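For reference, the structure is listed below as C-alpha cells.
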Protein chains: 4
Amino acid sequence: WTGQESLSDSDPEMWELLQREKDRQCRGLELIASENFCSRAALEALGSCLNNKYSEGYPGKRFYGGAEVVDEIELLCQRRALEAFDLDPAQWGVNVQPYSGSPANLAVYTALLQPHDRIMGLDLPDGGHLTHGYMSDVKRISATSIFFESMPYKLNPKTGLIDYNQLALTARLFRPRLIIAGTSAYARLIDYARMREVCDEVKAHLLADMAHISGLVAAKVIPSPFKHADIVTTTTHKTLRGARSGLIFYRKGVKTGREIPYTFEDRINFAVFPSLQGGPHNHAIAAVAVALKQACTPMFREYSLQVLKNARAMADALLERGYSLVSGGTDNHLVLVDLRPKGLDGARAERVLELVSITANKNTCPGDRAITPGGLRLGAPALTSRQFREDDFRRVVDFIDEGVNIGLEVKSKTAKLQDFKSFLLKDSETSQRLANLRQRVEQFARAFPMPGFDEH
Amino acid sequence: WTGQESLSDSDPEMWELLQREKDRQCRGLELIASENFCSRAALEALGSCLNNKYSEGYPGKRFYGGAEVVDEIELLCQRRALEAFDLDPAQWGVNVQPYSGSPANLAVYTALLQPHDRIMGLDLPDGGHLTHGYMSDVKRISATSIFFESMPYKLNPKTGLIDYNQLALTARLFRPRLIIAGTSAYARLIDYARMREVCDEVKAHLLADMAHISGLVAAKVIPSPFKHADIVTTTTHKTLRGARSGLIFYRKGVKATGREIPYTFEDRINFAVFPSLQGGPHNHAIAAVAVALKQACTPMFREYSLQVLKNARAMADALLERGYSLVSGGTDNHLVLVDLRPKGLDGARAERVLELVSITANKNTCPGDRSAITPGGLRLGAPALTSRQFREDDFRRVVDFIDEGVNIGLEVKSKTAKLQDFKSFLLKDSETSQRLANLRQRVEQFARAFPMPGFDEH
Amino acid sequence: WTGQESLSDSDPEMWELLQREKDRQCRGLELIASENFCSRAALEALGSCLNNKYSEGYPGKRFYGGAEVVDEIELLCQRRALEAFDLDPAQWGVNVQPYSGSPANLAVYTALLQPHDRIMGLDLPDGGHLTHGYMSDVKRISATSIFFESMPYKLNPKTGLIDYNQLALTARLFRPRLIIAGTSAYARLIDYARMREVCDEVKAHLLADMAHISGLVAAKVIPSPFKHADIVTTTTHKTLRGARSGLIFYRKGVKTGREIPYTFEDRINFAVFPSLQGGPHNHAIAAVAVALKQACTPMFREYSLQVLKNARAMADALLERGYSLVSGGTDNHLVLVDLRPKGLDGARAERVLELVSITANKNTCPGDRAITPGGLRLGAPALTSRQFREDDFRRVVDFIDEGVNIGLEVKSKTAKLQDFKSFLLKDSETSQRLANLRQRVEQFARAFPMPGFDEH
Amino acid sequence: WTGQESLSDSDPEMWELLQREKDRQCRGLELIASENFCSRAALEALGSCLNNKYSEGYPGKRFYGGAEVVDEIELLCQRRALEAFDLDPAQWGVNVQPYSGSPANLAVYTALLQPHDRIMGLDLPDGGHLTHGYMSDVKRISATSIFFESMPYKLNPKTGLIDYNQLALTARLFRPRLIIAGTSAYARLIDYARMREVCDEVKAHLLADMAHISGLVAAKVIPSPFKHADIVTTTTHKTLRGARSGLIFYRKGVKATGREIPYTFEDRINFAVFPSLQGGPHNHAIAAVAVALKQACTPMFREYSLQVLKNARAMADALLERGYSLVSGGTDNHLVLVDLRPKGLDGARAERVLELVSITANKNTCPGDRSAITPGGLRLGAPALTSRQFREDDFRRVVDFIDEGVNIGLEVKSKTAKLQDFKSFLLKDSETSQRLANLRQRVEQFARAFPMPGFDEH
Ligand SMILES: Nc1nc2ccn(CCCCc3csc(C(=O)N[C@@H](CCC(=O)O)C(=O)O)c3F)c2c(=O)[nH]1
Ligand SMILES: Nc1nc2ccn(CCCCc3csc(C(=O)N[C@@H](CCC(=O)O)C(=O)O)c3F)c2c(=O)[nH]1
Ligand SMILES: *Cc1c(COP(=O)(O)O)cnc(C)c1O
Ligand SMILES: *Cc1c(COP(=O)(O)O)cnc(C)c1O
Ligand SMILES: *Cc1c(COP(=O)(O)O)cnc(C)c1O
Ligand SMILES: *Cc1c(COP(=O)(O)O)cnc(C)c1O
C-alpha cells in the first residue's frame with residue numbers, strides 16, 4: 001500500500017457514485033441560486049497535499065513549524081481576496097480560514113458580541129439566512145438565536161422589498177449591537193447606505209453577508225457593500241465559483257483630537273482561531289485563492305455580466321408566460337417566482353421539476369407564512385458558467401412552463417401533497433410525459449460544457 | 001473560458017506553491033502527532049464535482065432536490081463509519097457532516113447542553129485540546145469557555161497520568177453536565193470505564209474525543225471508548241488518514257420500571273449540526289472521509305496501526321537510551337511526550353532548530369514548566385512517517401537526527417540567553433548555519449527515499 | 001437595659017428627626033402620586049413584635065417551629081387580600097411575602113422566565129416603571145434588563161396613550177415571554193383586554209403591575225386587571241395605604257379532552273422563598289393585612305371615589321388656568337401636567353414647589369426624551385386621605401400656579417438650571433415671595449387631619 | 001375616618017393575633033440562633049411616619065423633593081453603621097438601603113459580577129446560607145445559582161471545620177470571581193486571613209457575610225472580618241438586635257507603579273441597590289436600624305455580646321456533660337451545633353417535641369447524615385434569650401429542659417418508626433400528651449419571669 005492508487009482502482013463503489021453525480025450535474029438544468037460549478041484548477045488545489053498540513057495560527061504566528069509555504073499560500077489568498085474586491089490593504093484585512101459561510105458568520109458574532117447580545121437579520125421566510133438568527137414560534141433553531149438574541153426584520157409585502165422604514169423603527173426599540181445586511185432569496189439590491197445609517201443611529205455594527213452576490217460584487221457589476229459595511233462575510237462558492245469556504249473582511253486603520261482605531265482585526269482573527277476553529281483547511285484556502293484570481297479576470301466581469309443578463313432574460317421570459325415575480329423583477333442573479341397566481345405551490349413545482357432534472361427550490365412568498373410555499377427561487381450562476389446565454393435561459397423557462405403545466409394537471413387529479421408526489425411515480429401517463437420532458441431537458445443540457453474534471 | 005483548464009496552465013504561481021509544499025512534505029520528517037499523509041483515492045474525491053452540490057438537511061429529509069446521489073454518498077459514509085468502529089447500527093448512529101474536529105465538538109455541546117451549562121475537560125497545558133474548554137486567567141480563549149462554563153481536571157504531576165481521583169472529587173463539587181475523555185498530548189490510554197463511573201455518579205454525559213487515536217481504535221489496536229461512552233467525536237484525519245472533516249458518534253435505541261426509556265441523542269445531535277450550526281455540507285469531504293473509512297476497515301490498516309504503536313515504542317525507547325526523560329514513562333499509543341528539561345533545552349528552542357533541518361515537531365508544556373513561553377519538551381508522533389513505510393529502524397534513525405539537533409541547540413544556547421537571540425543565532429553565525437545546513441541535507445536525503453501517499457506532483 | 005425604654009428617652013437624636021419629618025408631612029402639600037399616609041392601626045402592627053419571628057417557608061410548611069400564630073397572620077393576610085379584590089380562592093392565590101413592589105416583580109420574572117428571556121414593558125420616560133425593564137442607550141440600568149432581555153413599548157405621542165397597535169407589531173417580532181401591563185406615570189386606564197389579546201397571540205404571560213391603582217381596583221371604582229391578567233403584582237402602599245410591602249396574585253385551577261392546570265402557584269412561591277428572599281417581614285405582612293381589611297370597607301370605596309373626583313378637579317382646575325394635560329385629562333388618581341406650553345420645565349417647577357412645601361416630581365412629556373423634563377406628575381391619594389375634597393384641590397392648583405409664576409420670573413432672571421436653583425436661595429425678593437407662599441401653603445395644610453400617630 | 005384610630009379599636013381580630021404572638025414570645029424559650037427581640041425604641045421608629053416617604057435615590061442625589069429629613073436619617077444611619085464597626089469613613093462606605101439580608105447579597109453579586117460569573121460559598125448543609133449559592137442535584141434552588149454559577153466548598157467531615165485546604169484547591173480550578181466568608185450554622189470563627197489569601201490568589205473578591213455575628217463583631221468581641229474583606233454584607237437583626245433590614249459595607253479610597261488605583265466598589269454597589277434591584281427605600285426600617293446601631297456603639301452592647309458568648313459556652317458545656325456530642329467540638333461564637341446522632345434521636349423529632357413545649361429550635365444537617373429529612377442534630381442560639389437578661393445558670397436550666405424533651409422523644413421513638421407516626425404520637429396518646437403538657441407548663445412559668453424587650457402588649 002503506497003497511498004498512490006487511483007480512486008478508480010482502490011474504491012470502485014465510491015468511484016461509481018462520483019460518476020453518477022457528475023452525470024447528474026452534466027445532464028440537469030441546475031437552477032439553485034446558490035449552486036455553481038467549480039473550475040478544474042481550483043479542484044486540483046482542493047484535492048491536493050495541502051490537506052496534510054496543520055497550520056493552526058496565522059502566517060508568521062503559527063503554533064508549529066514547517067508552515068513556510070502554506071504561509072505564502074494563506075497570505076497570497078489574502079492579497080487576492082483584497083484585490084478581487086478592489087480593497088485597500090491599509091483599510092481592509094481578510095480572514096481566509098472560515099470553513100464555510102456559516103462558520104464565518106458565527107466567528108463575527110463571537111468576535112464582536114457577548115453571549116446573548118442582540119442581532120437583527122432579514123427573517124428567514126422573507127429571504128434571510130439561518131445564520132442571521134432564526135427562531136420558530138416554538139424553538140430556537142439557528143445557533144445564532146441560541147448564543148445571541150436575534151430579532152428579525154421583514155419585507156414590505158406590498159413591494160417585495162426590505163422595509164428599511166420598519167427596520168429603523170424596530171432597531172431603535174430593540175437596540176441591536178449588530179445588524180446583518182445580506183440575503184439568500186432576494187432579487188434586489190440591498191440599500192447598504194440606508195443600513196449603515198440605521199446602524200450608526202443605534203450604535204450597531206453593520207455586517208454585510210454577501211454570500212449570494214459576492215461574485216457580482218467582485219466583478220463590479222453591482223454596488224459594493226464594502227463602501228458602507230464595517231464587516232463583510234461571504235462564501236467562497238456561489239457566485240464566486242470557488243471551493244466551499246468562507247471569508248471575513250474587516251476594516252483597519254482609523255475609525256479632543258486623538259484618532260480612534262478600528263478594533264476588528266484582532267477580535268475577528270482570535271474568534272476564528274483559537275476560539276472556534278482548529279486547523280485551517282489549507283486545501284480549501286488554496287482552491288479559494290485560485291478562484292479569487294479567476295475573479296479579477298476580465299472573463300469574470302463578462303461572466304457576471306452574463307449572469308445578470310441571463311437572470312433578467314429568465315425573468316422577462318417568465319413574465320411573458322404569465323408568471324408573477326416577487327418585487328416585480330430582478331437586479332441580481334436570481335428570480336423569485338410567485339406561482340400562487342398560476343394555481344400551483346412551490347413544493348409541487350419543486351418535485352415535478354426535480355423529476356425532469358430541473359433542480360430549483362421552493363420559496364415562501366411574501367404573505368404566505370409552510371409545507372406548501374407559493375414560490376420558486378431560480379438562479380442563473382450555475383448554467384451561466386456552462387456558457388448559457390439569454391436564448392438558452394428563455395428555453396429553460398419553456399421547460400419550466402411545461403413542468404408547471406404537468407403539475408397543474410396532477411393537482412386536479414390529486415388531493416393532498418403526498419397524493420401529488422405518489423401520482424408522479426405510479427400513474428402511467430404522468431410518468432410518460434415526465435420521461436419525455438426529462439429526456440428533452442437532459443439532451444439540451446448535456447451539449448453545454450461543464451467546468452471541472454471530465455470524469456468526476 | 002471552460003473551467004476545465006489545468007491548474008498548471010491556469011495559475012502557475014499557485015501551482016509552484018503546491019509543488020513546493022509537496023517537496024517540503026517529501027523532503028521532511030513529519031513528526032507532528034496530528035499530521036498524516038492522505039491517500040490519492042481520498043484526494044481524488046476531495047477535489048471532485050461533489051463540491052458543486054448544496055445538500056442542506058439529511059438523506060431523505062433535504063431542502064433542495066436533485067440530491068439522490070449525495071444521499072447515497074452520505075449514507076455510505078455513515079455505514080462505513082459504523083463498520084470501521086465495529087458498531088451495531090441498532091445501538092449507534094453517526095453524523096458525518098461536521099466540517100472538522102472543532103465543529104464536531106461544538107455541535108455536541110449545542111445538541112445536549114444549554115448555554116453556560118458546565119463542562120469538564122483535560123486542561124490544555126496538561127494535554128487537552130482547546131475545544132474541551134480553556135480559559136486562562138485573563139481571557140476566555142476557547143469558544144467552549146464562552147458559550148459554556150468549563151472547569152478543567154488536571155494531570156497528577158508525579159505520574160504524568162490523568163488524576164482520575166481529583167477528577168472524581170472536583171466533579172462532585174462542580175456538578176458538570178458533560179465530561180470529555182480525549183487528549184492531544186497524552187501518551188497513555190484513558191480509563192474510559194473510570195470516566196463512565198465519574199459521569200454516572202454526577203449524572204453527566206461522557207463524551208469521548210478520540211480524534212488523535214481514531215485510527216488505533218478502528219483497527220482494534222487499543223481499547224475502544226465506544227464500550228463506555230455515550231457520544232464519541234473524532235476528527236477524520238490524524239490517525240484515520242483521511243481528509244479534514246469530523247464525525248459525531250451517538251447511541252440510538254433504548255437506554256433502560258415502566259417501559260423503554262429511549263436514547264434521545266440522535267435528533268438533538270443532528271439538529272445541532274444542521275440547521276443550528278452549519279450550512280451546506282462539504283460533500284466532497286464526506287466522500288473522501290468515506291474512502292478513508294473503507295481503507296480503515298481493511299487488514300492493511302490494522303497492520304498500519306500496529307506499525308504506528310511499534311514505531312512509537314521504538315521512538316520512546318530510542319529516546320530514553322540517549323539521555324531523555326519521557327513524561328508518563330513510556331507510550332501506549334501513537335506519540336511520545338519527551339521532556340527536554342532534564343537535558344538543558346526547552347521545547348521552543350528544540351523545535352526551531354529541528355524545523356530548520358526539515359524535522360517538524362511542536363512544543364508541549366510538560367508537567368513541570370510554569371514558564372510556557374519556554375515549554376518543557378516536544379510532542380513527537382508516529383502516524384505520519386509510518387504511512388511512508390517507516391519501520392522501527394527508520395525511527396531510531398530519526399531519534400539520531402533529533403539528538404544531533406538538540407545538541408546543536410545545547411551549544412547554540414550556551415552562547416546566548418534569550419530565545420530571540422537563540423533564533424537569530426541559528427541564521428547568521430556561519431559555523432552554526434553550516435552545521436545546520438549539513439544535518440538538513442542528510443535528513444532530506446534520508447526522507448526522500450521513502451514513498452509518499454497521494455499524488456506525485458501536488 | 002430592658003429594651004422597653006421609649007425612643008423619646010433612649011435616642012433623642014433620632015426622635016427629633018422623626019418629629020421633623022412628621023412636621024414636614026403635616027405642613028406640606030404632598031402631591032407625589034405614589035405617596036400615601038399610612039393609618040395608625042397598620043403602623044402599630046408594622047412596628048410590633050412580629051419583627052422578632054423568623055418564618056422562612058409558608059403557612060404549615062415552615063422551616064422552623066413556633067410559627068403557630070404568624071401562620072394565622074400570613075393566612076389571614078392572604079384571605080383579606082383575595083377578598084379586597086373580589087377574588088375567588090378557587091381561582092386565585094396570593095403571596096404576601098414580597099418585601100416591596102420591586103422584589104415582587106423580580107420574583108415573577110424569576111418564577112416564570114429563564115435568565116435572558118424576553119420582557120416587554122412601557123418605556124420608562126413614557127410612564128413605565130424601572131422594574132419593567134429599562135436600559136439607557138449606554139447601560140443596562142434595571143436588573144430586569146440584566147437577568148432578562150427587555151424591549152419597551154411606547155406611548156402614541158399624538159394622543160398620550162399606550163400605542164397598543166405598535167405593541168402588537170413589536171411583540172410579534174420581539175416574541176416576548178411576558179408582557180407587563182402597568183404604569184407609574186399614566187393618567188389613563190390600561191386596556192387590559194387588548195393586552196391579553198396580544199399576549200395570547202404571541203404566547204406570552206400578561207403581568208398586570210397595578211401598584212399605582214391597586215386601591216382604586218379594590219374599591220371597584222376602575223376596571224379590575226384581574227379579569228384579564230394571569231399574574232398581578234402590586235405594592236401594598238400607594239393607593240392601598242398600607243405599609244411598604246408587595247403582593248403577587250396568580251391564577252389557580254384549570255387553565256384530546258384533558259384539563260390543563262394553571263402552573264403559577266408553585267413557581268411563584270418558590271421564587272420568593274427559597275430562591276430570592278429570606279425571612280419574611282411578618283411585621284409588614286400584618287400591617288398589610290390591616291390595610292387590606294380597611295380596603296374592603298365602605299369608607300375605602302368613598303375615599304377612592306374621592307381620589308378620582310379630586311384628581312379630576314385638579315385636572316379641571318389646571319385646564320382652566322391654561323395648562324396642558326398629557327392625554328387631555330385623567331381617569332385615575334394622577335394628572336400629567338405639560339408645562340412646556342406655559343414656558344417652564346418640570347425640573348424648575350419641581351424645585352420651586354419644593355421650596356414652598358409642595359412636593360411633586362418632574363416627568364418626561366411625550367416627545368421630549370432629560371435634565372429638563374417638560375412636565376409634572378401630580379397625585380391625589382395622599383391629600384385625599386387627609387380629607388381633602390374638590391374645592392381643596394382647586395386651592396392646591398392655585399398655590400401651584402403661584403409657584404409656576406415665580407419660576408417663570410426666575411427663568412428670565414437666570415441662564416442655566418444651576419443659576420435657577422442658586423437664585424431661589426440667594427436673591428432677596430425671590431426668597432421673600434417664596435417664604436410668603438410657603439407659609440400660606442403650610443397654614444392651609446396643617447389644618448387638615450393626618451393619619452398615623454400624632455407625634456411621629 | 002381619620003386613620004388615627006388605634007389597632008385595638010380598628011382591627012380586633014388582628015390585635016388578638018399580635019397579643020397571642022407576644023404571649024408565645026414571652027412564654028417561650030427562643031433558641032433559634034437567628035432570632036432576637038427588638039428594642040421598643042427601634043419598633044417605635046419601625047412603625048413611624050417614615051413609611052410615608054418615597055426617597056428613591058441617595059442623599060443629595062434623589063429623584064423626588066421634600067427628602068430633607070430622610071436625607072439626614074439615611075446619612076445618620078451610615079455614620080452610625082461605620083462607627084458601630086470601628087471603620088474610618090475614608091476607607092469604608094456603607095449602603096443602608098437593602099431590604100433584608102438576602103437582598104444585600106444579591107445587590108453585591110449584581111454590583112460586582114456579570115450574569116453567570118462564578119461564586120463560591122459554604123455549602124448549605126455544611127452551614128452556609130441559601131444566598132451563597134445552593135443548587136441541588138435536580139434544581140437550581142437559590143436565585144444566586146440561577147443568575148450566577150456557584151460551586152460550594154465543604155466542611156472537613158473529620159473536624160467539623162471549614163476545609164480551607166480543599167477550598168484553595170478547588171478555587172484554583174473553578175476560578176471564582178467572588179468567595180463568601182459567612183455562615184448560618186457554624187460554631188467557630190472563620191479564618192478571614194486564609195480566605196483573603198485564597199481570594200488574592202485566584203484574583204477573586206472576598207465578601208464577608210457576618211449576618212449571624214454582626215453584633216459580636218461590632219462589640220469587638222470576636223475578630224472583625226473588616227481587616228481582610230473588601231465587601232461585608234450583614235443583616236440588621238439576629239445579633240445586632242434591630243429591625244429586619246440589611247447593610248452592605250464596601251471599601252472606598254485607594255487600592256494601590258503609576259498612580260492611585262482607586263477602590264471602585266462604591267458606585268457599583270450603590271447602583272445595584274438602586275436603580276438596578278430595589279425601588280423606594282424603607283425609611284422606617286433604615287431609622288430603626290440606625291437606632292439599633294447606636295445601641296451597638298454603647299458599652300451595654302459589649303457586655304451584652306460578651307454575655308452571648310458565655311451563655312453559648314455554658315450551653316455547650318452543659319450539653320456535653322449530659323450525653324451530647326457537638327460538631328466542631330465547642331463554640332467560639334453565639335450558637336452551638338449539637339449532634340443528636342450519638343443519642344439515638346434526630347433533629348426533626350427533637351425540634352417537634354421541643355416546639356410542643358414552647359422551646360423553638362431548628363434542624364441542622366450535621367456532618368454525617370446523608371438522610372436530610374431526618375437531619376443530625378439541632379442548632380441552638382444564645383442571642384435571643386440573652387436579651388431577656390439570661391445568664392449562664394439560666395442556660396444550664398434550658399439544657400435541662402431540652403434533655404428532658406429529647407428523652408420524651410427517645411421514648412416516643414422507641415414506640416414507633418416513621419416520622420409522621422412519631423408526630424401523631426405526640427398529640428393523641430394521653431400519657432405522652434400529659435408528660436408534654438407538664439414540661440410545657442414548667443418552661444412557660446420559667447420564661448415568663450424574665451423581662452422582654454419591646455412593647456408590653458404587642
Ligand atoms: N431565504 C432562504 N432560502 C433557503 C433555501 C434553503 N435554505 C436553507 C435551508 C434551511 C432553512 C430552514 C428553514 S426551517 C428549517 C427547519 O427547522 N428544518 C427541519 C429541522 C431538522 C429536523 O427537525 O429534522 C424541520 O423542522 O423540518 C430549516 F432548516 C434557505 C435559507 O436559509 N434562506
Ligand atoms: N414613570 C416613572 N416615573 C418615575 C418617577 C420616579 N421614578 C423612579 C425613579 C428612578 C427612575 C430612573 C430613571 S433614570 C435613572 C438613573 O439612571 N439614575 C441615576 C443612577 C444612579 C447613579 O448613577 O448615581 C443617574 O444615572 O443619574 C433612574 F433611577 C419613576 C419611574 O420609575 N417611572
Ligand atoms: C485535532 C483535534 C481537534 C480539532 O480538530 P480540527 O480539525 O482542527 O478542528 C479536536 N479534538 C481533538 C482531541 C483533536 O486532536
Ligand atoms: C449560503 C449562505 C450562507 C452559508 O454558507 P454555507 O457554506 O452553507 O455555510 C450564509 N449566508 C448567506 C447569505 C448564504 O447565502
Ligand atoms: C439570615 C441570613 C441571611 C438572610 O437574611 P434575611 O433577612 O432573611 O434576608 C443572609 N446571609 C446570612 C449569613 C444570614 O444569616
Ligand atoms: C412604585 C412601583 C413599583 C415598586 O414599588 P417599590 O415599593 O418602590 O418597590 C413597581 N411597579 C410600579 C408600577 C410602581 O408604581
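A note on labels: chains of the C-alpha cells are A, B, ... as shown, every chain counts residues from 1, and ligands are counted from 1 in their shown order.
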- Task: Write out as a PyMOL selection string the residues lying within 7 Å of stretch 53-61 of chain D, counting only C-alpha atoms and excluding same-chain residues fewer than 2 positions away.
- Result: (chain C and resi 35) or (chain D and resi 50-51+63-64+67+71+274+279-281)
(request) Could you please select, counting only C-alpha atoms, the residues of chain C within 9 Å of chain A and state them as a list in words? (result)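 The selection requested is residues 116, 137, 149, 150, 151, 152, 153, 170, 173, 174, 175, 202 and 203 of chain C.
The space separating atom CA of residue D:330 from atom CA of residue D:170 comes to 27.7 Å.
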Could you list, as a ChimeraX atom specification, all residues that come within 10 Å of ligand 3? Count only C-alpha atoms and all ligand atoms. /A:54-56,99,273,276-281 /B:33-35,98-106,127-132,180-185,208-214,233-239,243-246
Would you put the residues from that selection into a file with N, CA and C atoms, as a short mmCIF file (atom, residue, chain, number, x, y, z; two decimals), in the first residue's frame?
```cif
data_model
loop_
_atom_site.label_atom_id
_atom_site.label_comp_id
_atom_site.auth_asym_id
_atom_site.auth_seq_id
_atom_site.Cartn_x
_atom_site.Cartn_y
_atom_site.Cartn_z
N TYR A 54 -1.06 20.86 9.13
CA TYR A 54 -1.65 21.58 10.25
C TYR A 54 -0.95 22.93 10.39
N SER A 55 -1.71 24.01 10.25
CA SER A 55 -1.16 25.35 10.38
C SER A 55 -2.04 26.20 11.30
N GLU A 56 -2.34 25.67 12.49
CA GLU A 56 -3.08 26.45 13.48
C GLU A 56 -2.33 27.74 13.79
N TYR A 99 -14.32 27.83 7.68
CA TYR A 99 -14.58 26.58 6.97
C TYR A 99 -15.71 26.72 5.95
N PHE A 273 -9.51 31.40 15.22
CA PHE A 273 -8.59 30.59 15.99
C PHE A 273 -7.97 31.52 17.03
N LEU A 276 -12.92 29.33 17.94
CA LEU A 276 -13.93 28.49 17.31
C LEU A 276 -13.35 27.33 16.51
N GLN A 277 -12.45 27.61 15.57
CA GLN A 277 -11.96 26.59 14.65
C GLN A 277 -10.68 25.95 15.18
N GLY A 278 -10.26 24.89 14.49
CA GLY A 278 -8.99 24.25 14.79
C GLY A 278 -7.99 24.50 13.68
N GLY A 279 -7.52 23.42 13.05
CA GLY A 279 -6.57 23.55 11.97
C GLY A 279 -7.23 24.01 10.69
N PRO A 280 -6.65 25.03 10.06
CA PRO A 280 -7.24 25.54 8.82
C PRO A 280 -7.16 24.50 7.72
N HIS A 281 -8.16 24.53 6.84
CA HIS A 281 -8.18 23.63 5.69
C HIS A 281 -7.40 24.31 4.57
N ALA B 33 2.23 14.94 15.85
CA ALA B 33 1.40 13.76 16.12
C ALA B 33 0.08 13.80 15.37
N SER B 34 -0.44 15.00 15.09
CA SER B 34 -1.73 15.13 14.42
C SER B 34 -1.63 15.08 12.90
N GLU B 35 -0.42 15.11 12.34
CA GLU B 35 -0.28 15.08 10.90
C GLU B 35 -0.44 13.67 10.36
N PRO B 98 -19.97 17.22 10.26
CA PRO B 98 -19.07 18.22 10.85
C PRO B 98 -17.90 18.58 9.94
N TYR B 99 -17.65 19.88 9.80
CA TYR B 99 -16.60 20.35 8.90
C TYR B 99 -15.21 19.93 9.36
N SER B 100 -15.01 19.78 10.67
CA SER B 100 -13.70 19.45 11.20
C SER B 100 -13.88 18.94 12.63
N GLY B 101 -12.77 18.82 13.36
CA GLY B 101 -12.84 18.30 14.72
C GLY B 101 -13.48 19.28 15.68
N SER B 102 -13.05 20.54 15.63
CA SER B 102 -13.66 21.56 16.48
C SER B 102 -15.16 21.71 16.24
N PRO B 103 -15.66 21.79 15.00
CA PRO B 103 -17.12 21.88 14.82
C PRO B 103 -17.88 20.69 15.38
N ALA B 104 -17.31 19.49 15.27
CA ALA B 104 -17.97 18.30 15.80
C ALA B 104 -18.20 18.43 17.31
N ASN B 105 -17.22 18.97 18.03
CA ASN B 105 -17.39 19.13 19.47
C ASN B 105 -18.42 20.21 19.79
N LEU B 106 -18.32 21.37 19.14
CA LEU B 106 -19.28 22.44 19.40
C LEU B 106 -20.70 21.98 19.12
N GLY B 127 -2.33 18.53 28.26
CA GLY B 127 -2.54 17.67 27.11
C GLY B 127 -3.93 17.71 26.50
N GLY B 128 -4.84 18.52 27.04
CA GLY B 128 -6.16 18.64 26.46
C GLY B 128 -6.16 19.50 25.21
N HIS B 129 -7.30 19.52 24.53
CA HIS B 129 -7.48 20.35 23.35
C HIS B 129 -8.26 21.61 23.71
N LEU B 130 -8.09 22.65 22.88
CA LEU B 130 -8.79 23.91 23.12
C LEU B 130 -10.29 23.70 23.21
N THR B 131 -10.84 22.89 22.30
CA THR B 131 -12.28 22.70 22.22
C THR B 131 -12.87 22.04 23.46
N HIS B 132 -12.04 21.59 24.39
CA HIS B 132 -12.52 20.99 25.63
C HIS B 132 -12.77 22.03 26.73
N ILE B 180 -15.33 15.35 29.03
CA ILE B 180 -14.70 14.95 27.78
C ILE B 180 -13.49 14.08 28.09
N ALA B 181 -13.52 12.85 27.61
CA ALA B 181 -12.38 11.94 27.69
C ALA B 181 -11.68 11.96 26.33
N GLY B 182 -10.70 12.84 26.20
CA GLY B 182 -9.95 12.97 24.96
C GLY B 182 -8.72 13.82 25.14
N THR B 183 -7.68 13.57 24.34
CA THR B 183 -6.41 14.26 24.52
C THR B 183 -5.83 14.68 23.18
N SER B 184 -4.85 15.58 23.26
CA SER B 184 -4.00 15.93 22.13
C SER B 184 -2.51 15.75 22.42
N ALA B 185 -2.11 15.67 23.70
CA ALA B 185 -0.72 15.43 24.11
C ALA B 185 -0.74 14.54 25.35
N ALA B 208 -16.39 11.12 24.40
CA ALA B 208 -15.04 10.66 24.10
C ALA B 208 -14.59 11.32 22.81
N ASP B 209 -13.51 12.09 22.89
CA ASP B 209 -12.92 12.77 21.74
C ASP B 209 -11.66 12.00 21.34
N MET B 210 -11.85 10.94 20.55
CA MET B 210 -10.76 10.06 20.11
C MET B 210 -10.03 10.59 18.89
N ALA B 211 -10.06 11.90 18.65
CA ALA B 211 -9.53 12.46 17.40
C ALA B 211 -8.09 12.03 17.14
N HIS B 212 -7.25 12.06 18.17
CA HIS B 212 -5.86 11.68 17.99
C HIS B 212 -5.67 10.17 17.82
N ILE B 213 -6.65 9.37 18.22
CA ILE B 213 -6.45 7.92 18.25
C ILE B 213 -7.53 7.19 17.46
N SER B 214 -8.24 7.92 16.58
CA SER B 214 -9.36 7.32 15.86
C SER B 214 -8.93 6.10 15.06
N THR B 233 -16.89 11.87 19.57
CA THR B 233 -16.49 12.75 18.48
C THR B 233 -15.09 12.37 18.02
N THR B 234 -14.81 12.66 16.75
CA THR B 234 -13.49 12.39 16.23
C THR B 234 -13.23 13.30 15.04
N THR B 235 -11.95 13.51 14.78
CA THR B 235 -11.51 14.04 13.51
C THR B 235 -11.35 12.88 12.52
N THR B 236 -11.40 13.21 11.23
CA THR B 236 -11.23 12.20 10.19
C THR B 236 -9.83 12.16 9.61
N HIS B 237 -8.95 13.08 10.00
CA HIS B 237 -7.55 12.96 9.65
C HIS B 237 -6.78 12.40 10.84
N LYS B 238 -5.56 12.87 11.04
CA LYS B 238 -4.67 12.34 12.09
C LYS B 238 -4.50 10.87 11.86
N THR B 239 -4.93 10.01 12.77
CA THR B 239 -4.66 8.58 12.61
C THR B 239 -5.56 7.89 11.58
N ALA B 243 -9.38 12.98 4.76
CA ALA B 243 -9.46 14.41 4.55
C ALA B 243 -9.85 15.10 5.86
N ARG B 244 -9.68 16.41 5.89
CA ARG B 244 -10.07 17.16 7.07
C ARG B 244 -11.59 17.24 7.14
N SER B 245 -12.14 16.64 8.18
CA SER B 245 -13.58 16.61 8.44
C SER B 245 -13.75 16.09 9.86
N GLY B 246 -15.00 15.92 10.28
CA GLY B 246 -15.28 15.42 11.61
C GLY B 246 -16.46 14.47 11.59
#
```
Discussion item. Neighbours of ligand 1 at 6 Å or closer, counting only C-alpha atoms and all ligand atoms: which residues, as a list in words?
Written reply: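 I would give the residues around ligand 1 as residues 124, 125, 127, 128, 129, 130, 184 and 185 of chain A; 56, 63, 271 and 275 of chain B.
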Could you write out as a ChimeraX atom specification the residues of chain D within 12 Å of chain A, counting only C-alpha atoms? /D:114-116
Write the residues you've just listed into a file as a PDB file, in the first residue's frame, and include C-alpha atoms for each of them.
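Okay, this is what ended up in out26.pdb:
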```pdb
ATOM      1  CA  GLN D 114     -21.779  39.702  35.320  1.00  0.00           C
ATOM      2  CA  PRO D 115     -24.544  37.102  34.999  1.00  0.00           C
ATOM      3  CA  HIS D 116     -23.140  33.549  35.218  1.00  0.00           C
TER       4      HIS D 116
END
```
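Between atom CA of residue C:386 and atom CA of residue C:445 the separation is 9.3 Å.
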Identify which of the residues B:27, B:415, B:79, B:177 lies closest to chain D, counting only C-alpha atoms when measuring atom-to-atom distances.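 Using only C-alpha atoms, the shortest distance to chain D belongs to B:177.
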Handout entry: All alpha helix (DSSP H) positions in stretch 141-354 of chain B, as a VMD selection string
Key = chain B and resid 143 to 147 164 to 174 192 to 201 214 to 218 265 to 271 283 to 297 299 to 320 347 to 354
Taking only C-alpha atoms and all ligand atoms into account, which residues are within 7 Å of ligand 4, as a ChimeraX atom specification? /A:34,100-103,128-129,131,182-184,209-212,234-235,244-245 /B:278-280
